[PDB]
Amino acid sequence: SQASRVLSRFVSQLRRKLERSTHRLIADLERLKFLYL
Amino acid sequence: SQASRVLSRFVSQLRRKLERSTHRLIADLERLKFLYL
Amino acid sequence: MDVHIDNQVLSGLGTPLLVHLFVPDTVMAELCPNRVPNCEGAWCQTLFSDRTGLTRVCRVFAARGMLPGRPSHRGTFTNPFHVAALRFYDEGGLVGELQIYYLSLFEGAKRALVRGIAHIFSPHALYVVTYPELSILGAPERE
Amino acid sequence: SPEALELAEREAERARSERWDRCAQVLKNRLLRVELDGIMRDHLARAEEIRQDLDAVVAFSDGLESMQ
Amino acid sequence: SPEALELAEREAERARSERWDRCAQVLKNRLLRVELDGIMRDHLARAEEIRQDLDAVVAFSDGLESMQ
Amino acid sequence: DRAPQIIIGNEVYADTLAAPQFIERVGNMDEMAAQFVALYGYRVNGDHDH
Amino acid sequence: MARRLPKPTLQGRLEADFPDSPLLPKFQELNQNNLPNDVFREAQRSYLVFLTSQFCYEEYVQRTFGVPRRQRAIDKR
Amino acid sequence: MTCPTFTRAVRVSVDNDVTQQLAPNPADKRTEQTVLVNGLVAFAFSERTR
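Protein chains in written order, with the deposited numbering: chain Z, 3113 to 3149; chain G, 3113 to 3149; chain U, 1 to 78, 93 to 125, 283 to 305, 330 to 338; chain P, 35 to 102; chain Y, 35 to 102; chain C, 741 to 790; chain H, 1 to 77; chain D, 889 to 938.
Shown next, in the form of C-alpha cells:
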C-alpha cells in the first residue's frame, strides 16, 4: 500500500527529472552549433 | 532485514554512477577548452 | 555603491531596469591614455542592432574602491547581442567611448556579491555586482 | 600618377579584410570559451536538482515506515 | 634637417611595411565541430547505461521483497 | 597583491581560474606513461608556431 | 616550422641495416602513402628514434626495481 | 618521454610598489621582465664546437 505510494512515485520523480539533463545538453550543444559556430 | 540491504546498497550504486557523468563532463569540457581552444 | 540607490531614488524612477557594473582600472587603460582621472561625467547609453536604433544617456558616478574584501577587485566602481557605450570626459582634453556588451551581464548576474566577465570589444575582465534588491556576427560590425 | 591609385586601394582592401579575419577568429574563440563555461554551469545547475530530489527520495523513504 | 627625416621615414617604411602579414586556417573549425559530436555520442552512451541500471534497480526492489 | 599580466606570445593572462588554459601541467614520468603517444604526436602533428 | 636549425650530420640506413630489432615490425605500420620521399624518410627516422627511446625507458624501469629477498634466500644452495 | 618542446619567452608585466605607485601614466607603473622557458643560459662557445 504505502510502499506502492512511496517507492513508485519517487522513482517516477527521479526518472522524469533525470531526463532533464539529457534534454538540457540536447538544447545547449545544438545552440552552440547554430549560434557561435 | 532484507530491504535495507536492497533499498540502500542499490541506491548507493545508482548515486556512485550518477557522479560519473558530472565528473566526465567536467573533464571533457575542460579538455575541449584546453586542447582545441 | 551609493550611486545605485541614488539612481533608484532619482533615475531608476525614470528608467525601468538597471544593471550595476564595476570596471577595473585595467579596463580603463584601454580608452584613456596616460591619465587616471575620476569618472563622474561618464555617460552610459544603450545601442541595439538589426531591429531599431536608440540611445539613452545617463551618468553613474564612479569612485575608486577598497570595499571588496577580495584583493583582486581593488579599483574603480561605477535580444542580447548589443552594445552599451560610456562616454568619459573631464575638464581637460580627454574623451573616451567604452563598449560594454550583453551575455557577459546576464550570465554574470548569477549567484560582496561579485563575478568576473569578459569584454568582447576590448578584451579584459570586468566585475559585476548583484544587489539583494535584484544573428551574432553582424551586430558589432555596423559602426 | 593615376596608375598607383588602384595599387593603394588593393593593398588597403587586403589590410581591411585581414582585420576582420583576425577580429572574427578572436571573438569566436573568446565567446566559445564563455559558452563552454556556460554549459558546465548548466549541467551542474541541473545536477543540483538531481541530487536534491535524490535526497528527497531518501529523506521521505526514511519516513515510509512512519507512514505505513 | 631633411636627411634624418628621410632616414627615419626609410627605416620606418621597413618595419612598418614588415608589420603587414597575417595568417588564418580553416581546419581548426571542422575539428572543433567533430569533437562536439563525439562528446555527444559519449554522453548518450553513459546516459543509456545509467538508464538501464535505474530500470534494473526497480526490478531488484520487486524481486527481493519475496525473501522476507 | 599587485595586479599581474602574463604575456605569452600575443595572448595575455590575468586570472587564476584560467590557469590550465595557457599553462599545461606535466606530471612525473612513471605517471605520464599513459599519454606518451599523444606526447610524440603533438611533437609531429601539432602546430607549435601558434 | 618557419626557420629550423639545419639537420645534424648522421649516418643513415639504420632501418635496413643488418641488426634486427623487435620494434621493426611495428615500424612497418608506417607507409609513404601521401608523402614525398625525403620527408617520409626523415619522419620515419624520427619515429624510430621515439621507439628506441621508449624501449630505453622501459628497460630502465625494469632495471631499477631491485632484487627480491626470495631469490637471495634460494641462493643458499 | 616528458622532454618538453621548444624554448619560449614570456613577459611578466606587473604594477610597481605602492610606495612608488604615484604617476600620471598607469602604464608607466608596470615594470616588466621576460623569462626564458625551457631554455638554459650558457658561456661563449668555441669555433670548433660551433
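Every residue, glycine too, gets a C-beta built ideally from N, C-alpha and C.
Between which residues of its own chain and residue i is the CB-CB distance below 6 Å, once the five residues before and five after are set aside?
i: U:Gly41; result: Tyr103
i: U:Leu31; result: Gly110 and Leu112
i: D:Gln921; result: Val900
i: C:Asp787; result: none
Out of the options, which has the shortest C-alpha to C-alpha gap to residue i?
i: H:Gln28; options: H:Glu15, H:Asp38, H:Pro36 and H:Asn34; result: H:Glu15
i: C:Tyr780; options: H:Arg41, H:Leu35, H:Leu48 and H:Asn37; result: H:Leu48
i: U:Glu336; options: P:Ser51, P:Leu41 and P:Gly97; result: P:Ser51
i: U:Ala99; options: U:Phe48, U:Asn34 and U:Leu108; result: U:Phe48
i: Y:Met74; options: Z:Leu3149, Z:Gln3125, Z:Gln3114 and Z:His3135; result: Z:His3135
i: H:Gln32; options: H:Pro25, H:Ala43 and H:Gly12; result: H:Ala43
i: G:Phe3122; options: Y:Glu99, Y:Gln102, Y:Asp87 and Y:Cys57; result: Y:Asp87
i: U:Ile331; options: P:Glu43, P:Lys62 and P:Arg48; result: P:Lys62
i: U:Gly53; options: U:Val60, U:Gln45 and U:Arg59; result: U:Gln45
i: Y:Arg80; options: G:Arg3143, G:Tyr3148 and G:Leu3126; result: G:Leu3126
i: C:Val752; options: P:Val60, P:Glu40, P:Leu39 and P:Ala42; result: P:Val60
Can you give the beta carbon distance from residue i to residue j, rounded, assuming they're within the 8 Å contact cut?
i: U:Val23; j: U:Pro68; result: The pair is not a contact, with the Cβ atoms about 13 Å apart (cut-off 8 Å).
i: U:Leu297; j: U:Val27; result: 6 Å
i: Y:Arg56; j: P:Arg56; result: 6 Å
i: P:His77; j: G:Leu3149; result: Actually they are not in contact, since the Cβ atoms of P:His77 and G:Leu3149 sit about 18 Å apart, beyond 8 Å.
i: C:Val766; j: D:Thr890; result: 6 Å
i: U:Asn34; j: D:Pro912; result: 6 Å
i: C:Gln745; j: C:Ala754; result: 6 Å
How would you call residue i, buried or exposed, if buried means at least 16 neighbouring beta carbons within 10 angstroms?
i: U:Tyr115; result: buried
i: U:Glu338; result: exposed
i: C:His790; result: exposed
i: U:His20; result: buried
i: G:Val3118; result: buried
i: H:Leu24; result: exposed
i: U:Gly75; result: buried
i: Z:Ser3133; result: buried
i: U:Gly122; result: buried
i: U:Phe95; result: buried
i: residue 79 of chain H; result: The shown model of chain H, from 1 to 77, leaves out residue 79 of chain H, and the question about it has no answer.
i: Y:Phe94; result: exposed
i: H:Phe18; result: exposed
i: U:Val9; result: exposed
i: D:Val906; result: exposed
Would you verify that the beta carbon of residue i is, or is not, closer than 7 Å to some beta carbon of chain Y?
i: P:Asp55; result: yes
i: Z:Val3123; result: yes
i: P:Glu99; result: no
i: P:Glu52; result: yes
i: G:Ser3116; result: no
Would residue i count as contacting chain U if we go by Cβ distances under 7 Å?
i: D:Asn904; result: no
i: C:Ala778; result: no
i: residue 871 of chain D; result: Chain D is shown only over 889 to 938; residue 871 of chain D falls outside these bounds and no answer can be derived.
i: D:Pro892; result: no
i: residue 823 of chain C; result: Within the shown structure, residues of chain C are numbered from 741 to 790, placing residue 823 of chain C beyond reach of any answer.
Strictly under 7 Å for the Cβ-Cβ distance: is residue i near chain G by that measure?
i: Y:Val60; result: no
i: P:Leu41; result: no
i: Y:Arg80; result: yes
i: Y:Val91; result: yes
With a CB to CB cut of under 8 Å and the five nearest residues on each side skipped, what residues in its chain are close to residue i?
i: D:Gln909; result: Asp903 and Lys917
i: U:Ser118; result: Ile288, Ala289, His290, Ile291, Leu297 and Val299
i: U:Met66; result: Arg74
i: H:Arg72; result: none
Would a check of beta-carbon distances place residue i closer than 7 Å to chain P?
i: Z:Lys3129; result: yes
i: U:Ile114; result: no
i: G:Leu3147; result: no
i: Z:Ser3133; result: yes
Could you tell me whether the Cβ of residue i comes closer than 7 Å to any Cβ of chain C?
i: H:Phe50; result: yes
i: U:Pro71; result: yes
i: D:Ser934; result: no
i: U:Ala296; result: yes
Can a CB atom of chain Z be found closer than 7 Å to the CB of residue i?
i: Y:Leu65; result: no
i: P:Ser95; result: yes
i: P:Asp71; result: no
Could one say the Cβ of residue i lies closer than 7 Å to chain D's Cβ atoms, at least one of them?
i: C:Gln775; result: no
Can you name, in chain order, every residue of its own chain whose Cβ lies under 7 Å from the Cβ of residue i, other than the five neighbours on each side?
i: D:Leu924; result: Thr895 and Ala897
Measuring only from the beta carbon, is residue i closer than 6 Å to any heavy atom that is part of the ligand SAH?
i: Y:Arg80; result: Of the ligands one can find in the structure shown there are none, so the ligand SAH has no counterpart to examine.
Counting only Cβ-Cβ distances shorter than 9 Å, please list the residues of the region 4-38 of chain U near chain B, keeping chain order. Going by chain labels, chain B is absent from the structure shown, which instead holds the protein chains Z, G, U, P, Y, C, H and D.
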